[PDB]
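Here is what each chain is made of, one letter per residue.
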Protein chains: 2
Amino acid sequence: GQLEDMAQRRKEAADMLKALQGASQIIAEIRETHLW
Amino acid sequence: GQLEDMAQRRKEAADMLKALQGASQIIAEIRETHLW
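Residues numbered from 1 in each chain as written, not as in the entry; some residues may be left out. Chains lettered and ligands numbered in written order. Part of a larger assembly, values for the part shown. Heavy atoms only, no water.

- As stated in the entry header, the method of structure determination is cryo-EM and the reported resolution is 14.73 Å.

Structure below.
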């Protein structure tokens, strides 16, 4: 009848997901370099 | 399901070999009258 710390932590955790994207970009660059 | 420098070098070598072979064939095909 009647009825910020966590937000920052989850935001940092989500931002840490960029490691996979960075690894994929590095792998793609290495593959492109191997061609030359 | 799924499966440059060296390529350029081999292409140049093949082109040079083909040019030499063509030149040799052209020289051989010259009329015997002009070759002797």
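1. Regarding the pattern of salt bridges
Residues and elements named next belong to chain A.
Link 1 in the chain: In total, this model carries 1 salt bridge over all chains according to the counting rule given.
Link 2 in the chain: Notably, a salt bridge pairs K11 with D15, separated by 3.4 Å at the nearest N-O pair. Highlighted residues: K11 and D15, both in helix α1 (residues 5-15), separated by 4 residues, approximately one helical turn.
Link 3 in the chain: A relative accessible area of 35% means that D15 is categorised as partly exposed. (Salt bridge = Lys/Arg side-chain N within 4 Å of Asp/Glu carboxyl O. Helix = DSSP H or I, 4+ residues; strand = E, 2+ residues; numbered from the N terminus. Buried < 20%, exposed > 50% of the residue type's maximum accessible area, 1.4 Å probe, protein only.)

2. Let's talk about a nonpolar patch on the surface
Link 1 in the chain: Nonpolar side chains collect at one region of the surface, where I27(B), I30(B), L35(B) and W36(B) lie side by side and expose about 480 Å² of accessible area between them.
Link 2 in the chain: The exposure class assigned to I27(B) is exposed, which follows from its relative accessible area of 52%. (Patch = residues over 30% accessible without salt bridge, like charges linked within 9 Å, V, L, I, M, F, W, Y side chains within 5 Å. Areas by Shrake-Rupley, 256 points an atom, 1.4 Å probe, with all protein chains shown as cover.)

3. Thoughts on helix α2 (residues 18-35) of chain A
Residues spaced three or four apart along an α-helix point in a common direction, a consequence of the helix completing one turn every 3.6 residues.
Link 1 in the chain: The terminal C-alpha atoms of α2(A), which comprises 18 residues, lie 26 Å apart, in line with the 26 Å expected from a rise of 1.5 Å per residue.
Link 2 in the chain: The element α2(A) is largely exposed, with a buried count of 0 among its 18 residues. (Expected span 1.5 Å × (residues − 1).)

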